[PDB]
Amino acid sequence: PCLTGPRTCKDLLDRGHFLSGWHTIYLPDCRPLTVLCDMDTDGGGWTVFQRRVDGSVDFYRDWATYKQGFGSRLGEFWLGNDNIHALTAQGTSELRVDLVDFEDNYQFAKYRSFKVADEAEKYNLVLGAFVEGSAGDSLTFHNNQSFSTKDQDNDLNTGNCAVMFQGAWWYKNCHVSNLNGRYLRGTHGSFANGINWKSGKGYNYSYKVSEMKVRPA
Amino acid sequence: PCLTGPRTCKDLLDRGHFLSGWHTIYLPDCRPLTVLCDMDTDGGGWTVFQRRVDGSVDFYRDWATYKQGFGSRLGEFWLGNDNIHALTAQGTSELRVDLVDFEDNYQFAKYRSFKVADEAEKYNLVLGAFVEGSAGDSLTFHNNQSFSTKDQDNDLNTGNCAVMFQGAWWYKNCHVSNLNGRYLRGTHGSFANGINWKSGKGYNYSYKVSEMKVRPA
Amino acid sequence: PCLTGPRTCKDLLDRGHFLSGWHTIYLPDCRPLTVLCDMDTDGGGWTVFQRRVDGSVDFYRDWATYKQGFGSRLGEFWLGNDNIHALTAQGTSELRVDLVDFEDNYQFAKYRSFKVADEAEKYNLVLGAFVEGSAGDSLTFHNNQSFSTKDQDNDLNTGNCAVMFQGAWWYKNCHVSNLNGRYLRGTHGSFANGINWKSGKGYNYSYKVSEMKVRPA
Ligand SMILES: *[C@@H]1O[C@H](CO)[C@@H](O[C@@H]2O[C@H](CO)[C@@H](O[C@@H]3O[C@H](CO)[C@@H](O)[C@H](O)[C@@H]3O)[C@H](O)[C@H]2NC(C)=O)[C@H](O)[C@H]1NC(C)=O
Ligand SMILES: N[C@@H]1[C@@H](O)[C@H](O)[C@@H](COS(=O)(=O)O)O[C@@H]1O
Ligand SMILES: N[C@@H]1[C@@H](O)[C@H](O)[C@@H](COS(=O)(=O)O)O[C@@H]1O
Ligand SMILES: N[C@@H]1[C@@H](O)[C@H](O)[C@@H](COS(=O)(=O)O)O[C@@H]1O
Ligand SMILES: *[C@@H]1O[C@H](CO)[C@@H](O)[C@H](O)[C@H]1NC(C)=O
Ligand SMILES: [Ca+2]
Ligand SMILES: [Ca+2]
Ligand SMILES: [Ca+2]
Ligand SMILES: [Ca+2]
């Protein structure tokens, strides 16, 4: 069942599943996981690990909650740090970030490789080169940073980045992207605590849609 | 098939299903049923049997329709009275009611047990003690009453509550809650015919989101 | 699996699946396909093969992409010309087209039979009699015409209808319906390149919702 089953969303596309949606794959350790496949963007076959679309889910969550994953298949979610590690541990996944503003402008960024380490390495981000994208590069800054949540500060700032910027991320001191920030709906006077991508719409605009996704390259 | 399969949304959570969504459970008689699990609210592991979110579905329905269930897995639904009975017949399920107003403020009510009887007993409500909730108690009033729809009047009113308040419920003479009422979108001049919870926002305010859900005690 | 399994959304309804949403059916050759069932409209049991609702998906796509299907189970999609052929080849399906404008007026058209031929016959449209519908008949004009996309012109125009009208359809010279056109959101000055149904809201109005769906006649 593991040995016959699909291992990635790319396997599902290869087997004739052409519509984005939730499907079961088998992780390298043979555990089944139901994931969101994007078969429509940029050739299809992406496994989606983060999705924001309407502000229905609270993303200001603790370490245990980020570790296991949270949210809803009907809408917004974070798939979980243990899962994202399992998906990216071996071989090379590319990363794409898709963003939509409240005027329906679509922007994206793409990186050559993306891996997150295990819990003992604090889900350390190992990110390859910026390839291209109309949103510009707001992630290379975050290479080689631990993941941090409000109750576990692993950042390089003397304060608590997750609390200061009301999110959870691979904060440094502190960010140029904050896609797990608050769903603040376009322009906000609060500083850099929204769904922000600095090179895209800046530190005072919160996107309508965010998706982070991976595929074998 | 059934022997070791999950019996509730709580079993699924215990087995590592951390994302809300539609999953198959095996009812006490081993029939499979695809249900909506809420893995987030209040510890997670709730089986959701009513959901209102945008007024896309007509809830002013007849006895046969309430018996069978109606609506959409992608939006609003009533799971069905035969199914709700099968879910709650054996072994103490708690009830939670989650309500959201049009300014995104959340209120709730929780009850120590909840069951509905079979069709012959008119899906009679058997409700345990109010435990707590910021919405206040607007369901104890309905304890030990038959369900009624427009076309099957088992209420304690000389006329027809379901027609007068455009819903379906365990009406007495007539109600303090009406969550299968019309989707009237906030404050409404019309008396008590909306998605109303008397002790919450009162008889002239119709919530944006209603969910009714159960979990083993 | 196949000879006992459901063949259509109508079989699923007859077997007690009362909620709209995505389910597996078995095509005439026993291939499983996950499809969207509309268990409400006109008694229920329709298999939905096109859905537009918010302009999130690009429908200006090439022949290969129309052939396989594209979009998302979570929103807008085209189920795919090979699939639609398989669904409509044997046993005769009626067609219903559901349309909603931006003021929430609902209109429909219904045809007694609908089939599309295989790829070698360019997914030729074979349409039976108009039965009824408030949207009026804007599909008989397209009877017995090949499907065309921007990169494969099988139309009866000297130029390229798919390009001129920014869609994909059984174009003649060129159209009176264009439901795979651009999501232009109500009135538009551009001529006939939106989600248009001529006999409904005309060549300069793009509907909010369009669904195309089939059921055994
Ligand atoms: C990820 O970040 C860690 C810092 O947390 C980087 O570790 C540091 O790596 C540098 C080299 O890039 C180390 O410098 C070397 O130190 C010794 C002297 O102690 C010296 O012989 C060399 O001249 C060089 O300066 C640094 O010590 C090390 N720091 C720690 C605390 O381990 C790591 O390299 C970064 N990883 C990547 C892939 O960039
Ligand atoms: N097949 C059902 C019938 O069983 C039902 O009695 C009728 C009216 O239902 S109501 O909920 O709309 O009143 O509609 C549906 O077509
Ligand atoms: N893998 C597909 C190709 O097979 C397709 O021909 C091409 C253009 O598609 S279009 O619908 O966007 O024109 O992109 C897609 O990535
Ligand atoms: N132009 C079509 C014919 O081709 C068809 O034979 C007839 C009956 O079709 S029916 O599917 O609607 O029974 O209708 C219309 O006249
Ligand atoms: C419930 O109601 C009926 C009257 O409608 C009564 O005969 C019965 O004893 C009641 N049981 C309880 C616990 O109230
Ligand atoms: Ca810090
Ligand atoms: Ca009656
Ligand atoms: Ca009465
Ligand atoms: Ca031509």
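All chains are named by letter (A, B, ...) in the order of the sequence lines, taking the proteins before the strands, and each is independently numbered beginning at 1. Each ligand, and each atom within it, is numbered from 1 in the order the structure gives. For the numbers below, each heavy atom of this structure counts, side chains included, while hydrogens, waters and symmetry mates do not.
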May I have a table of the N/O to N/O pairs between ligand 2 and the protein that fall below 3.5 Å, each row giving the two atom names and the distance to 0.1 Å?
| from | atom 1 | to | atom 2 | distance (Å) |
| --- | --- | --- | --- | --- |
| ligand 2 | 6 (O) | B:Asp62 | OD2 | 2.4 |
| ligand 2 | 9 (O) | B:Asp62 | OD2 | 3.4 |
| ligand 2 | 9 (O) | B:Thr65 | OG1 | 3.4 |
| ligand 2 | 11 (O) | B:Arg61 | NE | 2.9 |
| ligand 2 | 11 (O) | B:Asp62 | N | 2.9 |
| ligand 2 | 11 (O) | B:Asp62 | OD1 | 3.4 |
| ligand 2 | 11 (O) | B:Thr65 | OG1 | 3.1 |
| ligand 2 | 12 (O) | B:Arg61 | NE | 3.3 |
| ligand 2 | 13 (O) | B:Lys150 | NZ | 2.9 |

**Q.** CA sep, side-chain torsions, deciding dist, call: C:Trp197, C:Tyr207, ring-ring contact (aromatic ring centres under 6.0 Å, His included)
**A.** CA-CA 9 Å; C:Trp197 190 266; C:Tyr207 290 91; 8.2 Å; no

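Taking the centre and axis of the six-membered ring of B:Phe59, the NZ or CZ atom of B:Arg52 falls inside the cone set by 45° and 6.0 Å. Geometric assessment of B:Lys122 against the ring of B:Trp63 yields a positive cation-pi assignment under the 6.0 Å and 45° thresholds. The cationic group of C:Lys110 does not satisfy the cation-pi geometry with C:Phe130, failing either the under 6.0 Å distance to the six-membered ring centre or the 45° limit from the ring axis.
With respect to atom 10 (C) of ligand 5, the closest heavy atom belonging to the protein is B:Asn144 ND2, 2.7 Å.
For the salt bridge (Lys or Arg N to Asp or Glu O under 4.0 Å) test with C:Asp38, the passing option among C:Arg96, C:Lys10, C:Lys213 is C:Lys213; the others fail. Results of the ring-ring contact (aromatic ring centres under 6.0 Å, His included) test with B:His175 over B:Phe165, B:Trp170, B:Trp169 single out B:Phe165 as the only residue that passes.
Taking the Ca ion (ligand 8) as reference, the nearest N/O/S atom within B:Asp155 carries the name OD1.
The Ca ion (ligand 8) does not have B:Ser148 among its coordinating residues (no N/O/S atom, backbone or side chain, under 3.0 Å). When distances to the Ca ion (ligand 8) are checked against a cut-off of 3.0 Å, B:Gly159 contributes an N, O or S atom below that limit.
Between C:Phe147 and C:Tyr123, the angle of the ring planes goes over 60°, which puts this pair in the perpendicular group of the 30/60° scheme.
For atom 4 (C) of ligand 5, no protein non-hydrogen atom is found at a distance below 4.0 Å. The nearest protein heavy atom to atom 14 (O) of ligand 5 is closer than 4.0 Å. Atom 1 (C) of ligand 5 is approached by the protein to below 4.0 angstrom, counting heavy atoms only.
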